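Structure below is final-v9.cif: mmCIF, C-alpha atoms.
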data_entry
#
loop_
_atom_site.label_atom_id
_atom_site.label_comp_id
_atom_site.auth_asym_id
_atom_site.auth_seq_id
_atom_site.Cartn_x
_atom_site.Cartn_y
_atom_site.Cartn_z
CA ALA P 24 -88.65 153.78 -0.50
CA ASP P 25 -90.82 156.79 0.35
CA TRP P 26 -91.21 157.59 -3.33
CA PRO P 27 -91.30 155.95 -6.80
CA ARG P 28 -88.31 153.83 -7.83
CA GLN P 29 -87.14 151.04 -10.12
CA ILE P 30 -86.77 147.38 -9.15
CA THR P 31 -85.09 144.48 -10.95
CA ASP P 32 -86.06 140.81 -10.73
CA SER P 33 -84.37 137.71 -12.14
CA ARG P 34 -84.19 139.37 -15.56
CA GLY P 35 -87.13 141.56 -16.55
CA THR P 36 -87.13 145.01 -14.95
CA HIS P 37 -90.30 146.70 -13.68
CA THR P 38 -90.51 150.39 -12.82
CA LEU P 39 -92.41 151.23 -9.63
CA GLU P 40 -94.00 154.53 -10.60
CA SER P 41 -96.49 154.12 -7.76
CA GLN P 42 -97.68 150.97 -5.98
CA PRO P 43 -100.21 151.74 -3.18
CA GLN P 44 -100.29 149.37 -0.21
CA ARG P 45 -101.56 146.47 -2.31
CA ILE P 46 -99.21 143.50 -2.14
CA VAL P 47 -100.37 140.48 -4.16
CA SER P 48 -99.05 136.91 -4.22
CA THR P 49 -99.67 133.95 -6.53
CA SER P 50 -97.81 131.02 -4.99
CA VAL P 51 -98.27 130.02 -1.36
CA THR P 52 -94.50 130.03 -0.89
CA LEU P 53 -94.26 133.81 -1.11
CA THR P 54 -97.57 134.26 0.69
CA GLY P 55 -96.01 132.92 3.88
CA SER P 56 -92.64 134.46 3.05
CA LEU P 57 -94.18 137.92 2.67
CA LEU P 58 -96.27 137.50 5.80
CA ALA P 59 -93.24 136.49 7.84
CA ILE P 60 -91.53 139.76 6.93
CA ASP P 61 -94.56 141.75 8.06
CA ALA P 62 -95.90 142.08 4.51
CA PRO P 63 -99.52 140.80 4.28
CA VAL P 64 -101.12 140.22 0.89
CA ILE P 65 -104.62 141.31 -0.08
CA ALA P 66 -105.10 138.50 -2.61
CA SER P 67 -103.49 135.07 -2.50
CA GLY P 68 -104.13 131.39 -3.25
CA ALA P 69 -104.01 128.18 -1.21
CA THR P 70 -102.67 124.64 -1.51
CA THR P 71 -103.03 121.66 0.81
CA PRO P 72 -103.85 121.39 4.55
CA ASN P 73 -100.66 123.28 5.37
CA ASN P 74 -102.38 124.79 8.43
CA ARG P 75 -100.51 128.07 7.92
CA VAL P 76 -103.20 129.20 5.48
CA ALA P 77 -105.90 127.96 7.85
CA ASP P 78 -107.62 130.36 10.24
CA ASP P 79 -106.16 131.74 13.46
CA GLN P 80 -105.02 128.13 13.87
CA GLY P 81 -101.37 127.77 12.92
CA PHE P 82 -99.94 131.28 12.59
CA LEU P 83 -96.68 133.01 13.50
CA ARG P 84 -96.92 136.78 13.89
CA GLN P 85 -100.57 136.72 12.79
CA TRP P 86 -100.71 139.39 10.09
CA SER P 87 -102.86 137.32 7.73
CA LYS P 88 -105.95 138.35 9.68
CA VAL P 89 -105.49 141.64 7.85
CA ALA P 90 -105.93 140.11 4.39
CA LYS P 91 -109.03 138.19 5.44
CA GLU P 92 -110.36 141.30 7.18
CA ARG P 93 -110.54 142.86 3.72
CA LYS P 94 -112.21 139.71 2.40
CA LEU P 95 -109.67 139.48 -0.42
CA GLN P 96 -107.54 136.30 -0.38
CA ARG P 97 -108.39 133.32 -2.58
CA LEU P 98 -108.12 129.87 -0.98
CA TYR P 99 -109.14 127.66 -3.90
CA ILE P 100 -107.26 126.42 -6.96
CA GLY P 101 -107.84 124.06 -9.89
CA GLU P 102 -108.86 126.39 -12.72
CA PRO P 103 -107.07 129.78 -12.58
CA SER P 104 -108.45 132.60 -14.72
CA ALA P 105 -106.81 135.82 -15.90
CA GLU P 106 -110.13 137.65 -15.91
CA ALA P 107 -110.84 136.65 -12.31
CA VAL P 108 -107.42 137.92 -11.23
CA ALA P 109 -108.00 141.22 -13.04
CA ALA P 110 -111.33 141.55 -11.25
CA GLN P 111 -109.24 141.76 -8.07
CA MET P 112 -107.48 144.84 -9.41
CA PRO P 113 -104.07 143.61 -8.14
CA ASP P 114 -101.12 146.00 -7.89
CA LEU P 115 -97.85 144.15 -7.29
CA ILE P 116 -97.96 140.41 -8.01
CA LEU P 117 -95.10 138.24 -6.75
CA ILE P 118 -94.36 134.79 -8.17
CA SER P 119 -92.13 132.10 -6.68
CA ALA P 120 -89.53 130.08 -8.58
CA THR P 121 -91.88 127.08 -8.52
CA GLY P 122 -95.51 126.37 -7.69
CA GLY P 123 -98.27 123.75 -7.84
CA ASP P 124 -99.14 124.94 -11.35
CA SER P 125 -97.03 126.29 -14.20
CA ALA P 126 -96.82 130.09 -14.33
CA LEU P 127 -94.89 130.37 -17.58
CA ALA P 128 -98.09 131.32 -19.40
CA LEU P 129 -99.57 133.23 -16.47
CA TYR P 130 -96.36 135.16 -15.95
CA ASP P 131 -96.85 137.37 -19.00
CA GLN P 132 -100.64 137.26 -18.73
CA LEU P 133 -100.28 138.39 -15.12
CA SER P 134 -97.86 141.19 -15.97
CA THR P 135 -100.29 142.72 -18.46
CA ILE P 136 -102.91 142.73 -15.70
CA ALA P 137 -100.51 144.26 -13.19
CA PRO P 138 -96.80 144.48 -12.25
CA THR P 139 -95.75 140.83 -12.04
CA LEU P 140 -92.37 140.02 -10.48
CA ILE P 141 -90.58 136.69 -10.13
CA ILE P 142 -88.04 135.72 -7.48
CA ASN P 143 -85.65 132.80 -7.91
CA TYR P 144 -84.69 131.38 -4.51
CA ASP P 145 -83.84 127.92 -5.83
CA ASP P 146 -80.47 129.21 -7.03
CA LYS P 147 -80.05 131.40 -3.94
CA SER P 148 -79.86 130.84 -0.19
CA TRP P 149 -82.70 131.71 2.19
CA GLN P 150 -80.82 134.68 3.63
CA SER P 151 -80.37 135.96 0.08
CA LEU P 152 -84.09 135.54 -0.58
CA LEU P 153 -84.95 137.64 2.45
CA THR P 154 -82.53 140.35 1.34
CA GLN P 155 -84.37 140.56 -1.99
CA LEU P 156 -87.70 140.81 -0.18
CA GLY P 157 -86.44 143.63 1.96
CA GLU P 158 -85.00 145.44 -1.06
CA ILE P 159 -88.02 144.80 -3.27
CA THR P 160 -90.47 145.70 -0.51
CA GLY P 161 -88.02 148.11 1.11
CA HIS P 162 -88.63 146.34 4.42
CA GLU P 163 -84.99 146.17 5.48
CA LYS P 164 -85.74 147.61 8.91
CA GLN P 165 -88.31 144.91 9.62
CA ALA P 166 -85.80 142.27 8.54
CA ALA P 167 -83.23 143.67 10.97
CA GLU P 168 -85.83 143.26 13.71
CA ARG P 169 -86.82 139.66 12.99
CA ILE P 170 -83.25 138.73 12.06
CA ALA P 171 -81.89 140.21 15.28
CA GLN P 172 -84.47 138.63 17.58
CA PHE P 173 -84.05 135.41 15.62
CA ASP P 174 -80.27 135.67 15.34
CA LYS P 175 -80.00 135.43 19.11
CA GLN P 176 -82.17 132.30 19.14
CA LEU P 177 -80.06 130.78 16.37
CA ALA P 178 -76.89 131.28 18.40
CA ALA P 179 -78.32 129.70 21.54
CA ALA P 180 -80.24 127.12 19.53
CA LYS P 181 -77.12 126.25 17.55
CA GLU P 182 -75.31 125.62 20.83
CA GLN P 183 -78.35 124.23 22.64
CA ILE P 184 -78.43 121.16 20.40
CA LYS P 185 -75.75 118.55 21.05
CA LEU P 186 -75.11 115.92 18.40
CA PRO P 187 -72.25 115.15 15.95
CA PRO P 188 -72.65 116.43 12.34
CA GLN P 189 -74.43 114.20 9.86
CA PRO P 190 -76.67 114.39 6.73
CA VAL P 191 -80.44 113.97 6.97
CA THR P 192 -83.38 113.27 4.66
CA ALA P 193 -87.18 113.37 4.59
CA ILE P 194 -89.82 111.34 2.74
CA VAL P 195 -93.60 111.57 2.49
CA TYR P 196 -96.04 108.94 1.25
CA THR P 197 -99.66 107.87 1.72
CA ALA P 198 -100.66 104.22 2.09
CA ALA P 199 -104.04 105.23 0.66
CA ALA P 200 -102.73 106.96 -2.46
CA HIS P 201 -100.09 104.24 -2.71
CA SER P 202 -97.61 106.85 -3.97
CA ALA P 203 -94.03 107.65 -2.95
CA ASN P 204 -93.28 111.38 -2.94
CA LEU P 205 -90.03 112.82 -1.64
CA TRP P 206 -89.28 116.43 -0.69
CA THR P 207 -86.10 117.99 -2.03
CA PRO P 208 -84.02 120.71 -0.28
CA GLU P 209 -84.35 122.82 -3.42
CA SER P 210 -87.33 124.27 -1.55
CA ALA P 211 -87.05 127.29 0.74
CA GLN P 212 -87.26 124.85 3.64
CA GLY P 213 -84.00 123.19 2.62
CA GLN P 214 -82.16 126.52 2.63
CA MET P 215 -83.65 127.39 6.01
CA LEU P 216 -82.33 124.14 7.47
CA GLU P 217 -78.85 124.71 6.05
CA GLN P 218 -78.93 128.00 7.93
CA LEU P 219 -79.45 126.00 11.12
CA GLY P 220 -76.23 124.06 10.51
CA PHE P 221 -78.05 120.95 9.28
CA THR P 222 -77.14 119.15 6.05
CA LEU P 223 -79.76 117.84 3.62
CA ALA P 224 -79.30 114.68 1.60
CA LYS P 225 -78.72 114.97 -2.15
CA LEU P 226 -79.56 112.43 -4.86
CA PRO P 227 -77.53 113.16 -8.05
CA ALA P 228 -79.44 112.46 -11.27
CA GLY P 229 -82.07 111.14 -8.85
CA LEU P 230 -83.66 114.49 -8.08
CA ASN P 231 -84.02 115.02 -11.81
CA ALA P 232 -86.95 112.60 -11.52
CA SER P 233 -85.38 109.40 -12.84
CA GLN P 234 -88.80 107.74 -12.81
CA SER P 235 -90.76 110.47 -14.59
CA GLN P 236 -88.19 110.19 -17.37
CA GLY P 237 -88.26 113.96 -17.81
CA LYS P 238 -88.56 117.22 -15.85
CA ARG P 239 -91.12 118.13 -13.19
CA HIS P 240 -91.63 120.83 -10.56
CA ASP P 241 -93.55 120.87 -7.28
CA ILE P 242 -92.18 117.62 -5.86
CA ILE P 243 -89.98 114.73 -7.00
CA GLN P 244 -90.84 111.03 -7.22
CA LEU P 245 -88.63 107.97 -6.73
CA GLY P 246 -88.57 104.35 -7.86
CA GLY P 247 -88.19 103.16 -4.26
CA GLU P 248 -84.45 102.52 -4.11
CA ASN P 249 -83.30 105.66 -2.31
CA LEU P 250 -86.40 105.53 -0.13
CA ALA P 251 -85.71 102.16 1.49
CA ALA P 252 -82.01 103.02 1.54
CA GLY P 253 -83.07 106.06 3.58
CA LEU P 254 -80.95 108.11 1.19
CA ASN P 255 -77.95 108.98 3.36
CA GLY P 256 -79.13 106.62 6.10
CA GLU P 257 -77.51 108.82 8.74
CA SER P 258 -80.76 110.50 9.76
CA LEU P 259 -84.35 110.90 8.63
CA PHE P 260 -87.12 113.24 9.84
CA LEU P 261 -90.79 112.39 9.53
CA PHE P 262 -92.65 115.25 7.86
CA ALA P 263 -95.49 113.05 6.62
CA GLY P 264 -96.99 112.77 10.09
CA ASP P 265 -96.33 112.20 13.79
CA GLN P 266 -96.89 108.70 15.16
CA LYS P 267 -99.05 107.88 12.15
CA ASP P 268 -96.03 108.10 9.86
CA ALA P 269 -93.96 105.93 12.21
CA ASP P 270 -96.47 103.08 12.21
CA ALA P 271 -96.71 103.42 8.44
CA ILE P 272 -92.96 102.85 8.19
CA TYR P 273 -93.12 99.85 10.51
CA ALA P 274 -95.64 98.30 8.14
CA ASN P 275 -93.06 98.89 5.41
CA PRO P 276 -90.30 96.21 5.60
CA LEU P 277 -88.51 98.19 2.91
CA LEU P 278 -87.98 101.12 5.27
CA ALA P 279 -87.57 98.77 8.22
CA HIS P 280 -83.86 98.34 7.52
CA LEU P 281 -83.57 102.10 7.66
CA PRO P 282 -80.89 103.03 10.27
CA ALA P 283 -83.17 105.83 11.48
CA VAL P 284 -85.85 103.29 12.38
CA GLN P 285 -83.32 100.99 14.04
CA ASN P 286 -81.80 103.88 15.98
CA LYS P 287 -85.17 105.62 16.26
CA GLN P 288 -83.50 108.89 15.27
CA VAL P 289 -86.72 110.11 13.65
CA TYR P 290 -88.23 113.51 14.44
CA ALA P 291 -91.87 114.40 13.84
CA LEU P 292 -91.56 117.80 12.17
CA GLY P 293 -95.24 117.80 11.27
CA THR P 294 -96.95 119.88 8.58
CA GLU P 295 -96.99 122.90 10.88
CA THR P 296 -93.20 122.94 10.99
CA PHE P 297 -93.37 123.92 7.32
CA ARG P 298 -91.71 127.28 8.01
CA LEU P 299 -89.30 128.23 10.77
CA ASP P 300 -89.61 131.50 12.69
CA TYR P 301 -88.96 132.97 16.13
CA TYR P 302 -92.59 132.19 16.94
CA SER P 303 -92.97 128.69 15.51
CA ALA P 304 -89.36 127.97 16.42
CA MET P 305 -90.57 127.88 20.01
CA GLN P 306 -92.60 124.73 19.34
CA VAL P 307 -90.16 123.18 16.88
CA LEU P 308 -87.17 124.00 19.06
CA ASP P 309 -88.73 122.38 22.12
CA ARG P 310 -90.17 119.54 20.05
CA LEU P 311 -86.72 118.79 18.66
CA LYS P 312 -85.29 119.16 22.17
CA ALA P 313 -87.63 116.71 23.89
CA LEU P 314 -85.52 113.81 22.68
CA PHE P 315 -82.36 115.21 24.27
#

structure tokens encoding of this file:
Amino acid sequence: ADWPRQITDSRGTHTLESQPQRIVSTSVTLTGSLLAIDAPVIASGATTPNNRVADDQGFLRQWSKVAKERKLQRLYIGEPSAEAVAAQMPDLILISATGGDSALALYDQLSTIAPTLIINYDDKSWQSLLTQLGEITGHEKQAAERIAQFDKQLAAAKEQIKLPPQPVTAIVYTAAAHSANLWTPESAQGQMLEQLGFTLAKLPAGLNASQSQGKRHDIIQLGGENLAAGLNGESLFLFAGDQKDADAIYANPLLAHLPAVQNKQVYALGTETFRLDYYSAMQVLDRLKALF
């Protein structure tokens, strides 16, 4: 709004008596989410070689240059400190439903430092998440702009693609780390795909980390049963890497019997295709259209 107001999160309510243009983000999920809606953050963290966080290389609208221009914007993690965060004099701190590190303890510690809000998108669709961002940030107009320009692409894109309906899955692993990590739709990416008309595979009781014998965030592991069985087995996209991932699979007799490999219905989403937007959609849309 143009004046002070009150906002409500998942539960706790924070009054916005006055928050000067000083948007702050903890998780990288929001960082990109906020940026996409024309809402750059002065201070933020980083994760892995996502590319989105990188420099002018791998950017949609390109509003991040603003944060860096002010110097602010952390790009290193491993030992978070409350004092260090306070030294940044943050105003509005936004936290995602999940992150690389637990924020249960930081949540309250962050609030004391400055207005800390938490958004739960895991139990809500992507469209719903955006609505909250527009309401929380009051950037509804901007959303109508991106949504409109994007809505048109979705319509044509939805009709541009020609292929019967079927479930799909995605797996990522490194022959070096000798570890099998799978990505679940519970992430914002999964909701975004569902909005495209695609269906993500679901592993009951499996997602609940049946190997970890407990609960875990970030990502989910697997014994190796669903992997080889390419989950649904009706389609599988390679997000681990381009041709490198393919060869890796070939060297894996377990995933050799995967229908996707036999039919070669694998698409190299790449790490850049992390988020989908009118801008990036241009590369992803064409990349996923080269096959047809």

May I ask which of the residues P:27, P:157, P:247, P:188 is the closest one to residue 43 of chain P, counting only C-alpha atoms? P:27

Rounded to one decimal place, report the atom CA of residue 294 of chain P-atom CA of residue 154 of chain P distance in Å.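 Here the two named atoms are 26.1 Å from each other.
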
Residue nearest residue 59 of chain P among P:308, P:137, P:279, P:166 (counting only C-alpha atoms):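 Counting only C-alpha atoms, the residue closest to residue 59 of chain P is P:166.
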
Of the residues P:260, P:253, P:265, P:34, which is the one nearest to residue 282 of chain P, using all atoms listed in the file? P:253

Output the residue selection produced by the PyMOL selection byres ((chain P and resi 121) around 10) on the file above, formatted as a PDB file with C-alpha atoms, keeping the file's coordinate frame.
ATOM      1  CA  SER P  50     -97.810 131.020  -4.990  1.00  0.00           C
ATOM      2  CA  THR P  52     -94.500 130.030  -0.890  1.00  0.00           C
ATOM      3  CA  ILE P 118     -94.360 134.790  -8.170  1.00  0.00           C
ATOM      4  CA  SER P 119     -92.130 132.100  -6.680  1.00  0.00           C
ATOM      5  CA  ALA P 120     -89.530 130.080  -8.580  1.00  0.00           C
ATOM      6  CA  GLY P 122     -95.510 126.370  -7.690  1.00  0.00           C
ATOM      7  CA  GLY P 123     -98.270 123.750  -7.840  1.00  0.00           C
ATOM      8  CA  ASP P 124     -99.140 124.940 -11.350  1.00  0.00           C
ATOM      9  CA  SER P 125     -97.030 126.290 -14.200  1.00  0.00           C
ATOM     10  CA  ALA P 126     -96.820 130.090 -14.330  1.00  0.00           C
ATOM     11  CA  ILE P 141     -90.580 136.690 -10.130  1.00  0.00           C
ATOM     12  CA  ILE P 142     -88.040 135.720  -7.480  1.00  0.00           C
ATOM     13  CA  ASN P 143     -85.650 132.800  -7.910  1.00  0.00           C
ATOM     14  CA  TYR P 144     -84.690 131.380  -4.510  1.00  0.00           C
ATOM     15  CA  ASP P 145     -83.840 127.920  -5.830  1.00  0.00           C
ATOM     16  CA  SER P 210     -87.330 124.270  -1.550  1.00  0.00           C
ATOM     17  CA  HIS P 240     -91.630 120.830 -10.560  1.00  0.00           C
ATOM     18  CA  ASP P 241     -93.550 120.870  -7.280  1.00  0.00           C
ATOM     19  CA  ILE P 242     -92.180 117.620  -5.860  1.00  0.00           C
TER      20      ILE P 242
END

Compile the contact shell of residue 272 of chain P as number ranges by chain: residues with an atom at most 10 Å away, counting all atoms listed in the file, same-chain residues fewer than 4 positions apart removed. P: 196, 198, 251, 261, 266-268, 276-279, 281, 284

Just save segment 131-209 of chain P with C-alpha atoms, as an mmCIF file, in the first residue's frame.
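Below is the file decode_2.cif, written as the result:
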data_model
loop_
_atom_site.group_PDB
_atom_site.id
_atom_site.type_symbol
_atom_site.label_atom_id
_atom_site.label_comp_id
_atom_site.auth_asym_id
_atom_site.auth_seq_id
_atom_site.Cartn_x
_atom_site.Cartn_y
_atom_site.Cartn_z
ATOM 1 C CA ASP P 131 12.585 -16.199 16.072
ATOM 2 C CA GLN P 132 16.170 -14.954 16.249
ATOM 3 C CA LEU P 133 15.613 -13.270 12.891
ATOM 4 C CA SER P 134 12.316 -11.706 13.932
ATOM 5 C CA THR P 135 13.914 -10.012 16.930
ATOM 6 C CA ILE P 136 16.489 -8.524 14.565
ATOM 7 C CA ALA P 137 13.830 -7.407 12.098
ATOM 8 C CA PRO P 138 10.333 -8.261 10.773
ATOM 9 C CA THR P 139 10.666 -11.918 9.773
ATOM 10 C CA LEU P 140 7.882 -13.472 7.693
ATOM 11 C CA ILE P 141 7.423 -17.058 6.533
ATOM 12 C CA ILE P 142 5.526 -18.244 3.454
ATOM 13 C CA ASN P 143 4.318 -21.828 3.057
ATOM 14 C CA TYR P 144 4.099 -22.727 -0.636
ATOM 15 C CA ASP P 145 4.476 -26.465 -0.081
ATOM 16 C CA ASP P 146 0.812 -26.680 0.919
ATOM 17 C CA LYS P 147 -0.208 -24.164 -1.750
ATOM 18 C CA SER P 148 0.001 -23.938 -5.538
ATOM 19 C CA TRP P 149 2.461 -21.677 -7.356
ATOM 20 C CA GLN P 150 -0.284 -19.278 -8.448
ATOM 21 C CA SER P 151 -1.333 -19.015 -4.804
ATOM 22 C CA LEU P 152 2.251 -18.285 -3.789
ATOM 23 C CA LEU P 153 2.460 -15.419 -6.259
ATOM 24 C CA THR P 154 -0.819 -13.997 -4.977
ATOM 25 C CA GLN P 155 0.652 -13.886 -1.467
ATOM 26 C CA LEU P 156 3.756 -12.147 -2.786
ATOM 27 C CA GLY P 157 1.679 -9.526 -4.515
ATOM 28 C CA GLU P 158 -0.451 -9.003 -1.411
ATOM 29 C CA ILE P 159 2.482 -9.034 0.996
ATOM 30 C CA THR P 160 4.585 -6.790 -1.239
ATOM 31 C CA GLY P 161 1.519 -5.067 -2.672
ATOM 32 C CA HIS P 162 2.886 -5.779 -6.153
ATOM 33 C CA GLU P 163 -0.400 -6.948 -7.657
ATOM 34 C CA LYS P 164 -0.047 -4.645 -10.655
ATOM 35 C CA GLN P 165 3.355 -6.092 -11.530
ATOM 36 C CA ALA P 166 1.902 -9.591 -11.261
ATOM 37 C CA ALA P 167 -0.878 -8.665 -13.687
ATOM 38 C CA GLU P 168 1.831 -7.575 -16.117
ATOM 39 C CA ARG P 169 3.998 -10.691 -15.946
ATOM 40 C CA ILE P 170 0.964 -12.955 -15.645
ATOM 41 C CA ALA P 171 -0.679 -11.379 -18.681
ATOM 42 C CA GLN P 172 2.406 -11.454 -20.900
ATOM 43 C CA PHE P 173 3.066 -14.963 -19.622
ATOM 44 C CA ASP P 174 -0.564 -16.066 -19.759
ATOM 45 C CA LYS P 175 -0.540 -15.581 -23.518
ATOM 46 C CA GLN P 176 2.598 -17.707 -23.854
ATOM 47 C CA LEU P 177 1.033 -20.400 -21.686
ATOM 48 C CA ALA P 178 -2.002 -20.584 -23.953
ATOM 49 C CA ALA P 179 0.055 -20.877 -27.138
ATOM 50 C CA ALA P 180 2.668 -23.026 -25.405
ATOM 51 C CA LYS P 181 -0.036 -25.300 -24.011
ATOM 52 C CA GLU P 182 -1.334 -25.791 -27.550
ATOM 53 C CA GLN P 183 2.093 -25.648 -29.195
ATOM 54 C CA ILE P 184 3.149 -28.909 -27.555
ATOM 55 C CA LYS P 185 1.609 -32.080 -28.992
ATOM 56 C CA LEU P 186 1.823 -35.265 -26.964
ATOM 57 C CA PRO P 187 -0.699 -37.461 -25.058
ATOM 58 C CA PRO P 188 -0.952 -36.921 -21.260
ATOM 59 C CA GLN P 189 1.373 -38.895 -19.023
ATOM 60 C CA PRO P 190 3.239 -38.618 -15.669
ATOM 61 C CA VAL P 191 6.921 -37.682 -15.514
ATOM 62 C CA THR P 192 9.797 -37.812 -13.030
ATOM 63 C CA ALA P 193 13.303 -36.446 -12.486
ATOM 64 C CA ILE P 194 16.395 -37.805 -10.728
ATOM 65 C CA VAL P 195 19.829 -36.366 -9.984
ATOM 66 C CA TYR P 196 22.983 -38.217 -8.957
ATOM 67 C CA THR P 197 26.768 -37.865 -9.167
ATOM 68 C CA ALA P 198 29.021 -40.787 -10.064
ATOM 69 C CA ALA P 199 31.740 -39.022 -8.083
ATOM 70 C CA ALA P 200 29.749 -38.551 -4.882
ATOM 71 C CA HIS P 201 28.235 -41.986 -5.453
ATOM 72 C CA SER P 202 24.934 -40.706 -4.052
ATOM 73 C CA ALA P 203 21.362 -40.967 -5.334
ATOM 74 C CA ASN P 204 19.329 -37.805 -4.756
ATOM 75 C CA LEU P 205 15.844 -37.311 -6.160
ATOM 76 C CA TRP P 206 13.912 -34.053 -6.520
ATOM 77 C CA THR P 207 10.314 -33.992 -5.322
ATOM 78 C CA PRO P 208 7.494 -31.834 -6.785
ATOM 79 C CA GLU P 209 6.892 -30.448 -3.296
#
